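Here is how names work: the chains are called A, B, and so on, in the same order as the sequence lines, proteins then strands, and each is numbered from 1.
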Amino acid sequence: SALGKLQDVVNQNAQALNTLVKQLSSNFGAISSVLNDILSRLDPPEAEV
Amino acid sequence: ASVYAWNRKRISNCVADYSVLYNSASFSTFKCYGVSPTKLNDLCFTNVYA
Amino acid sequence: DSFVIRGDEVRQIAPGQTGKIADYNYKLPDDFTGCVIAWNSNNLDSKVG
């Protein structure tokens, strides 16, 4: 635990990046979290929503 | 069958063409909700029940 | 833009619609600004024969 400060900075940056990556798997109330699925399933009027 | 005893037929292991449904004018109501009617021919499915 | 259609096909003359005449006869854009007028003309566009 001697080098705890640098490891903390690295961990916080990597964890922020991982959280940002994981946020792509949320659909936020949409039918799917994948854009390709929505585009290949719906017409533009509802796919737009 | 009647509405209280609606018949559920499982669709599986077939190649389905939805053009014969969309292009026919006999259907008074042809509404798809979670999917576009014209995109059905480009999709692969299971758990299909009528 | 004037034309004659059936009584049940009036719902297809609207933005973001799907139908038979909505595809092969008369199509409106998704961002359509403007609006439609419809009325019954059974006394003028109908014949017994």
Side-chain angles (χ1 to χ4, degrees), chain A residues 9-49, chain B, chain C:
Chain A
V9 174
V10 171
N11 287 353
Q12 289 179 356
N13 290 318
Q15 194 197 50
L17 272 190
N18 288 339
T19 300
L20 189 70
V21 167
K22 187 72 188 153
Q23 278 299 96
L24 286 178
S25 71
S26 293
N27 46 46
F28 304 101
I31 58 157
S32 184
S33 63
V34 183
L35 275 175
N36 286 331
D37 287 11
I38 297 165
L39 287 165
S40 62
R41 278 164 60 176
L42 289 177
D43 276 340
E46 311 75 14
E48 163 152 352
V49 177
Chain B
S2 46
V3 66
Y4 87 100
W6 47 270
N7 180 55
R8 192 168 196 112
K9 201 269 179 187
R10 185 180 295 274
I11 301 299
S12 60
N13 290 318
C14 68
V15 168
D17 173 68
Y18 301 87
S19 192
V20 306
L21 276 75
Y22 189 63
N23 300 158
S24 184
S26 299
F27 299 126
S28 313
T29 300
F30 187 82
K31 293 181 176 67
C32 303
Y33 275 80
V35 61
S36 170
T38 184
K39 300 247 189 203
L40 291 172
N41 286 301
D42 291 331
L43 294 174
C44 278
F45 280 117
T46 196
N47 275 284
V48 188
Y49 313 106
Chain C
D1 305 84
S2 64
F3 46 82
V4 178
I5 58 171
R6 273 166 52 157
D8 55 358
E9 295 164 340
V10 303
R11 63 156 202 80
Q12 299 176 33
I13 313 298
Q17 276 293 325
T18 52
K20 192 70 178 294
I21 61 169
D23 295 352
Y24 300 139
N25 293 265
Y26 181 78
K27 178 75 179 80
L28 282 177
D30 299 344
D31 59 349
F32 167 66
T33 178
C35 58
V36 291
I37 310 305
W39 67 90
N40 203 310
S41 68
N42 199 47
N43 61 338
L44 301 176
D45 286 327
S46 197
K47 290 189 290 181
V48 57

Could you tell me which residues satisfy side chain to side chain contact (heavy atoms under 4.5 Å, CB included) with C:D30, sequence neighbours excluded, listed by chain and number? A:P44, A:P45, C:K27

B:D17, CG: over 12 other non-hydrogen atoms inside 6.0 angstrom: yes

Between CG of A:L20 and CD of A:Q23, what distance do you get to the nearest 0.5 Å? 8.0 Å

Neighbour count above 12 (heavy atom, 6.0 Å) for B:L43 CG: yes

Tell me the closest heavy-atom pair linking C:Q12 and C:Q17, and the distance in Å. O-CB, 3.3 Å

Rounded distance (nearest 0.5 Å) linking atom CG of A:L17 with atom CD of A:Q12: 12.5 Å

With a 3.5 Å cut-off and sequence neighbours excluded, list the donor-acceptor pairs that the side chains of residues 37-49 of chain C form with protein atoms.
| unit_1 | atom_1 | unit_2 | atom_2 | d |
| --- | --- | --- | --- | --- |
| C:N40 | OD1 | C:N42 | N | 3.1 |
| C:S41 | OG | C:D45 | OD2 | 3.2 |

For the student: nearest non-hydrogen atoms of C:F3 and C:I5, plus distance: CD1-CG2, 3.8 Å

Nearest 0.5 Å, please: how far is CG in A:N13 from CG in A:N18? 11.0 Å

To the nearest 0.5 Å, atom CG of C:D1 lies from atom CG of C:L28 at 8.5 Å

Suppose we screen for side chain to side chain contact (heavy atoms under 4.5 Å, CB included). Which residues come up paired with A:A47, at least two apart in sequence or across chains? A:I38, A:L42

Just by modelled atom types, is the C:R6 backbone N or O under 3.5 Å from a matching donor or acceptor in the C:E9 side chain? yes

For B:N47, the side chain to side chain contact (heavy atoms under 4.5 Å, CB included) test, sequence neighbours excluded, returns B:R10, B:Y49

Quiz: residues 24-34 of chain B side-chain donor-acceptor pairs under 3.5 angstrom, not counting sequence neighbours:
none

Does A:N11 have any side chain to side chain contact (heavy atoms under 4.5 Å, CB included) partners at least two apart in sequence or in another chain, and if so, which? A:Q7

Any chance you could lay out the side chain to side chain contact (heavy atoms under 4.5 Å, CB included) test for B:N41 and B:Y22, step after step, and finish with the verdict? CA-CA 11 Å; B:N41 286 301; B:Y22 189 63; over 6 Å; no

I'd like to know whether A:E46 forms a side chain to side chain contact (heavy atoms under 4.5 Å, CB included) with A:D43, so could you lay out the CA-CA distance, the side-chain angles of the two residues, the decisive distance to 0.1 Å, and finally the verdict. CA-CA 6 Å; A:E46 311 75 14; A:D43 276 340; 3.5 Å; yes

Could you check whether atom OH of B:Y4 has more than 12 heavy atoms from other residues, nucleotides or ligands sitting under 6.0 Å from it? no

Would you sort out whether C:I21 and C:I13 count as a side chain to side chain contact (heavy atoms under 4.5 Å, CB included), showing the intermediate values? CA-CA 9 Å; C:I21 61 169; C:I13 313 298; 4.0 Å; yes

Would you find a donor on one side and an acceptor on the other, under 3.5 Å apart, between the side chain of C:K20 and the backbone of C:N25? no

